[PDB]
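Chemist: Take this structure, written in structure tokens, and hold onto it; I'll ask about it next.
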2 protein chains.
Amino acid sequence: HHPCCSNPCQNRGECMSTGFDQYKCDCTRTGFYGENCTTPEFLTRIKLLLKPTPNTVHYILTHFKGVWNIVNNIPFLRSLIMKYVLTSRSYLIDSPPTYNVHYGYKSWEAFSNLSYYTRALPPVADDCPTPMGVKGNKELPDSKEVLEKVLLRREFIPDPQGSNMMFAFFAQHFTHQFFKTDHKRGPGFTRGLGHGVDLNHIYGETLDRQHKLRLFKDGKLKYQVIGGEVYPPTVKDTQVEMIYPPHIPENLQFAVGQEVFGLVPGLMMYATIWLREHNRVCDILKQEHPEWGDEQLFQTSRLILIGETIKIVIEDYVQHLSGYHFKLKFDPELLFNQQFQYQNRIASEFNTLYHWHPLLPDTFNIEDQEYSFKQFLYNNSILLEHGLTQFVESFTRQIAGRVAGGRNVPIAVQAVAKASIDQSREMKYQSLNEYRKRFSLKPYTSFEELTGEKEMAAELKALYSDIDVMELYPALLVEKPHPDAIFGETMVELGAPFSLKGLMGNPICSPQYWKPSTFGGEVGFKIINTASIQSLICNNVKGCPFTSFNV
Amino acid sequence: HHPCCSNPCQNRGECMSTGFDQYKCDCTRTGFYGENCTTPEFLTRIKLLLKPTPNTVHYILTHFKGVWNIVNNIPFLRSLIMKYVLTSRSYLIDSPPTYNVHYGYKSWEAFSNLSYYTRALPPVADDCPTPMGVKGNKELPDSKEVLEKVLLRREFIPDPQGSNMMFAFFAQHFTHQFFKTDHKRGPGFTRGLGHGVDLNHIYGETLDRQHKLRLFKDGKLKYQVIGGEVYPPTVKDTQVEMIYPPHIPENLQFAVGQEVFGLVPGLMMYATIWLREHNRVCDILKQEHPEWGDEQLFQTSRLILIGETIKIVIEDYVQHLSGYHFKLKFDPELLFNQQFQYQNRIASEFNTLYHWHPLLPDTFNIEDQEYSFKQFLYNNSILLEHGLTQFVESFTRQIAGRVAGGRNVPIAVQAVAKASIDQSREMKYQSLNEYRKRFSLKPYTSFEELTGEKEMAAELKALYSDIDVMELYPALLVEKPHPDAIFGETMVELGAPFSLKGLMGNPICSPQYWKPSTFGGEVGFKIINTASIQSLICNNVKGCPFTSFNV
Ligand code: COH
Ligand code: COH
Ligand SMILES: *[C@@H]1O[C@H](CO)[C@@H](O[C@@H]2O[C@H](CO)[C@@H](O[C@H]3O[C@H](CO)[C@@H](O)[C@H](O)[C@@H]3O)[C@H](O)[C@H]2NC(C)=O)[C@H](O)[C@H]1NC(C)=O
Ligand SMILES: *[C@@H]1O[C@H](CO)[C@@H](O[C@@H]2O[C@H](CO)[C@@H](O[C@H]3O[C@H](CO)[C@@H](O)[C@H](O)[C@@H]3O)[C@H](O)[C@H]2NC(C)=O)[C@H](O)[C@H]1NC(C)=O
Ligand SMILES: *[C@@H]1O[C@H](CO)[C@@H](O[C@H]2O[C@H](CO)[C@@H](O)[C@H](O)[C@H]2NC(C)=O)[C@H](O)[C@H]1NC(C)=O
Ligand SMILES: *[C@H]1O[C@@H](CO)[C@@H](O[C@@H]2O[C@H](CO)[C@@H](O)[C@H](O)[C@H]2NC(C)=O)[C@H](O)[C@H]1NC(C)=O
Ligand SMILES: CCCCC/C=C\C/C=C\C/C=C\C/C=C\CCCC(=O)OC[C@@H](O)CO
Ligand SMILES: CCCCC/C=C\C/C=C\C/C=C\C/C=C\CCCC(=O)OC[C@@H](O)CO
Ligand SMILES: CCCCCCCCO[C@@H]1O[C@H](CO)[C@@H](O)[C@H](O)[C@H]1O
Ligand SMILES: *[C@@H]1O[C@H](CO)[C@@H](O)[C@H](O)[C@H]1NC(C)=O
Ligand SMILES: *[C@@H]1O[C@H](CO)[C@@H](O)[C@H](O)[C@H]1NC(C)=O
């Protein structure tokens, strides 16, 4: 078998076979040497005794609300801290990207082929003696058993951080521009070739789709007016392909950038809001530039919207997730004297860790009604009937489920949770502990340490035998959450760097783009710099209902 | 008409219309302010007063051989000098890229559509009152008149810098991996979607093409053996599309990565050499790694050859072109503590300036035959008849033509030169002086200053009237050359930043790729770091003939 199956190289060292039965570790720039890159260089010894634990940094940012209220009001200090928040993560992500599902070594194929999700850790080799390498049993536990024992929801567990349905649907809508698995090819492949925040979920992935969605007047996107309300146009009107079941009538087949957004009325809500936003921004640009044509209005509105999106994601969305008392800041300028790559490639593991189906409630509560999954799925009538204003009011009110802590996957999506496990396996993911080490965390020494509890730990011990072969995805869902938090440590430490990279990596954040001229002058620039989840709703939803990501 | 037609914003200010008849310049990070970005900031006045002119720097690098002799043999200094050389040429290229033929403002479409060449300067707006903006006559001069008066060769002018046919054909072979105009779409479109040094001219642009070219045994490329000599495989064996006239015999229809390489036996000489190199490297890696399969042998040899190419281009090819006494060095480590983007997008103007058709001789002198263009085109027989050894010996001793200095484009390719002019105009290129300002040079004040001579200057003055509307492409070919040099200032000052960006931008130069494990261990890494034009020929051409880029 492959001599690297046991994952012998530590500290970001690279493993390579050197004959049938031997390996060598490449310890270049790891700050370690020795056979397995485990012997620290002198500067590394000094860096390691002085480096705070990820859990210490977390504690500082989630306590001392009094000190943070001061820090948050000294612009120079707020800049300084946000600068640290951005750069301390940066070094963890390979950019240019490296591995993928087919390439556990660097290759031009893995670098150049945009159809692959990239990989933060190389796949376990095909001929390893155990699924994870060398440790554990010949087979992993039945995924149905892992699912039923520790993942599935008994009683609904609300998120103690107060995440609402505005948040859950925003997560779903936002991330589905860059997580668009190409099932024809396999779970390690993506249809999102832009690999980030390009808003293809609004504008379409291909130019042909964009052109069918565009009005070609005033930069605007096509729309329809129903009962005086602006909604997306239909499939028959646009000829834009969407996924709908057969029983869905022509008039309820709304056409948006992303093929799957008819699935959920929560997604259609956001699609409608962003469509209105784009056309609202067109109206403003046209007022500033009576001389501009359709094409420039469209393109400039897209860049503004991309900027709005990143702004909202950092300052409301990540802000809410973080539980930080520190006020996060979207400011591209903070990277201008730093080493940073303005490019991104979506990692398979980022897709995997974002399968937050425990956010989903048992029923969807709009106004006085309590819709089941059966009733809610593919039902855009519900949207037309209640309207965006009520959708916003209801979803702002409705609490979402806790993601970590175990046993919170709604039964309605059990098949999806099973697939995340099976497809992790099919893609040959390395173990939870391997991922933890890759992200500068201590491997868990037992199942009780992972869960912080006894009962689930015991189930997991019986299923997996060895903590070092525990799988990444179920571990994220059963991990001991931070105190009163939605997630545990592994989710935060893997998610945050993938997030920073995808947000700041965007070309609009580079010095040649980050200028008022890029966005049609100072007014367009200000739309980006003052954007928020509240203003997005206020500007585009009748009556300007109040909103946020917490209940 | 568009209020930016006159190009009012200086110093890399960005121009934007604010009404029908008004503009605003965006002076962000230019170091200037005021209406047209022409007033310098205090620190800018200083930076201006100190900073040496590009010509003064060229003089220092092409003189004082005694000093350079010391520096070159003192590694720490060589390295510090190369680091300057690399980082000064850097800030000149927009990266992430910006404009293209259809987008004179920044847009997601220009960012993301890899099918365009990018643009260093945006195009002249469609409705401008003159071809170059507002200066000059309503029509630029007949392009045949320009071609015939100042471009066409009367008498062959040899390169006083000593460039040979080995150099001339290396330039053509190498550049044709990234200059691959998609004539079906237009001159501003490329088929080279990798946008750099990916070796698609050897391996194929598509996976479909690569796979038909591969042996699938030991990592190797398919080949044939004719008279005991290894040549590329045929079109019939591989089913790889090549451009060939109907009349060419089955066996001389060589199939290589780049579809046009059967055009010229000079091109097929290098194609064959590089094919041999790839399979030679396979052999070395197979020896190192008996455990490796076909796929990893192939991909690893590919990365090795990419490195080989960059190394040769920097240390042999650019070295020769530069006329420097200083010894350029390929060493990715020199950028590791610098700010640099590991990405490239091929610029249209880089394609344009690289039309070095004056390099071409009047006949192709092999052994004691002197082949006309008519005889040499598409004649792979010549290659088989003489063999690679004679090709190398003959092309090493044959002088190439001077590029700058005027009147040296061979009549045989007059149509290509005319097309360079017409296509510049079709892509709405700004004038020579706009390009010189864009690359930190003073605009020429007269035609005589451009040519350094009287007679062509007068023909040009009569044709164009204003130096400020002189065109880029013809200017490059008529420019006063540097002393005893093949090129003039504008060629060097534009070409150099485009070059080093595309060389160092490659992902193999990034910290996560620049490691021995990437190339199969120390042995593969060493193939790269010891590569030379002489070693390429020595390892792959029978009899190991002497070669170099100069006669
Ligand atoms: C971010 C949180 C989030 C939420 C709130 C959410 C809400 C919901 C929801 C009710 C609104 C339903 C019925 C589903 C149902 C599904 N989800 Co999600 N999903 C979420 C994150 C994801 C992600 C990420 C994927 C992977 C998408 C991909 O790779 O294409 C996913 C995949 C799926 C799949 C497999 C899709 C396929 O292409 O086969 C189904 C089915 N689901 N989900
Ligand atoms: C770098 C030096 C160089 C040399 C030595 C060279 C040598 C020769 C040569 C010698 C046997 C011949 C017969 C030609 C003939 C042509 N070359 Co060049 N070319 C060169 C640089 C270029 C470049 C750059 C282009 C543009 C390529 C593109 O845009 O695809 C080009 C394009 C062409 C074209 C038109 C575009 C096309 O259809 O491909 C013709 C015809 N040629 N060339
Ligand atoms: C990026 O990698 C993708 C996966 O390797 C690749 O898709 C694959 O493309 C190949 C070649 O075009 C397809 O192979 C086809 O042709 C062979 C032999 O001629 C047939 O036996 C196959 O049935 C098939 O029709 C594969 O279908 C395809 N593999 C997949 C999708 O898993 C992409 O082409 C690559 N992208 C780029 C830009 O190169
Ligand atoms: C890369 O940018 C390219 C330049 O615009 C683009 O090429 C263009 O593609 C469009 C749409 O696919 C073609 O226009 C079509 O318009 C109607 C459809 O209703 C048809 O009647 C036309 O025949 C045509 O299909 C343009 O012809 C085409 N322009 C060209 C070839 O120069 C690429 O598609 C863009 N690439 C990506 C990945 O978005
Ligand atoms: C190098 O790291 C590897 C870790 O896999 C070590 O490999 C061996 O060490 C084990 C216990 O120390 C032995 O039982 C085995 O022979 C072997 N393990 C495996 C998985 O085969 C090796 O000791 C390390 N060497 C150094 C320098 O620490
Ligand atoms: C910088 O920009 C140019 C704009 O082109 C200059 O305007 C020019 O002023 C000239 C002198 O009065 C006029 O001859 C001419 O009308 C005008 N050029 C054009 C094409 O309109 C601005 O004055 C200058 N601005 C400043 C403040 O220096
Ligand atoms: C591919 C495009 C990327 C966009 C993805 C956007 C958001 C994904 C959000 C979260 C992933 C999971 C967990 C991390 C979230 C919050 C914890 C702390 C956040 C933090 O420290 O700043 C995080 C800071 O680094 C971010 O800038
Ligand atoms: C797209 C991938 C990039 C590969 C391009 C490779 C080769 C092109 C070679 C030279 C640049 C093009 C035209 C001439 C410009 C400069 C050459 C002369 C002097 C020089 O380069 O030195 C200037 C000094 O700075 C040394 O660099
Ligand atoms: C191979 C060149 C054919 C061009 C002939 C038509 C254009 C003539 O052009 C003329 O050529 C003369 C001789 O070089 C020069 O002295 C003149 O300045 C030039 O205008
Ligand atoms: C569709 O949703 C609507 C709400 O407008 C609901 O009344 C109806 O029962 C749903 N239909 C189905 C088939 O679930
Ligand atoms: C083909 O090249 C060969 C060299 O072997 C030569 O003898 C012959 O004349 C050439 N054919 C043409 C069409 O010039």
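The first residue you see is number 1, and the count goes up from there.
Including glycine, each Cβ sits where the backbone N, Cα and C put it.
Pulled these from Swiss-Prot:
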DISULFID  B:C4-B:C15  disulfide bond
DISULFID  B:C5-B:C128  disulfide bond
DISULFID  B:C9-B:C25  disulfide bond
DISULFID  B:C27-B:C37  disulfide bond
BINDING   B:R89, B:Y324  substrate binding site
ACT_SITE  B:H176  active site, proton acceptor
ACT_SITE  B:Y354  active site, for cyclooxygenase activity
BINDING   B:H357  heme b binding site
SITE      B:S499  site 'Aspirin-acetylated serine'
MOD_RES   B:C509  S-nitrosocysteine
DISULFID  B:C538-B:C544  disulfide bond
MOD_RES   B:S548  O-acetylserine
Chemist: I'm trying to understand the geometry here, so how far is the Cα atom of B:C509 (S-nitrosocysteine) from the Cα atom of B:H357 (heme b binding site), in Å to the nearest whole number?
Modeler: 31
Chemist: Can you count the other CB atoms that lie within 10 A of the CB of B:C544 (disulfide bond)?
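Modeler: The Cβ of B:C544 (disulfide bond) has 14 Cβ neighbours within 10 Å.
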Chemist: Using C-alpha atoms only, work out the spacing between B:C544 (disulfide bond) and B:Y324 (substrate binding site) and round it to an integer in Å.
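Modeler: So the alpha carbons of B:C544 (disulfide bond) and B:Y324 (substrate binding site) sit roughly 28 Å from each other.
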Chemist: Using all protein chains in view, find how many other C-beta atoms are within 10 Å of the C-beta of B:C128 (disulfide bond).
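Modeler: I count 18 other Cβ atoms within 10 Å of it.
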Chemist: How many neighbouring Cβ atoms, not counting its own, are there within 10 Å of the Cβ of the residue listed as 'heme b binding site'?
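Modeler: Its Cβ shell of radius 10 Å holds 20 other Cβ atoms.
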Chemist: Among B:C5, B:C509, all listed as recorded positions, which has the most CB atoms within 10 Å of its CB?
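Modeler: Highest number of other Cβ atoms within 10 Å: B:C509.
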Chemist: Have a look at the recorded positions B:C5, B:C15, B:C128, B:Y354, B:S548 and say which one has the shortest Cα distance to B:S499 (site 'Aspirin-acetylated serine').
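Modeler: Closest by Cα distance to B:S499 (site 'Aspirin-acetylated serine') among the recorded positions B:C5, B:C15, B:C128, B:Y354, B:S548: B:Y354.
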Chemist: Sort out the sequence-distant neighbours of B:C9 (disulfide bond) for me: same chain, 6+ apart, CB within less than 8 Å of its CB, listed by position.
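Modeler: B:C15, B:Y23, B:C25, B:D26, B:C27, B:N36, B:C37 - these are the non-local Cβ neighbours of B:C9 (disulfide bond), listed in sequence order.
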Chemist: Within 10 angstroms of the C-beta of B:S548 (O-acetylserine), what count of other C-beta atoms is obtained when all protein chains are considered?
Modeler: 16
Chemist: Let me check the 10 A CB neighbour count of the residue listed as 'active site, for cyclooxygenase activity'. How many other CB atoms are there?
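Modeler: Taking every protein chain into account, the count is 19.
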Chemist: Tell me, if you would, which residue among B:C25, B:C27, B:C37, B:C538 (disulfide-bonded residues) has the fewest other CB atoms within 10 Å in the structure shown?
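Modeler: It is B:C538 that, of the disulfide-bonded residues B:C25, B:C27, B:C37, B:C538, has the fewest other Cβ atoms within 10 Å.
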Chemist: Rank aside, I only need the closest one: which of the disulfide-bonded residues B:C4, B:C5, B:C128, B:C538 has its C-alpha nearest to that of the residue listed as 'heme b binding site'?
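Modeler: Comparing Cα positions, the candidate nearest the residue listed as 'heme b binding site' turns out to be B:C538.
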Chemist: Go through the recorded positions B:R89, B:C128, B:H176, B:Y324, B:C538 and tell me which ones have a CA within 10 A of the CA of B:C4 (disulfide bond).
Modeler: B:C128
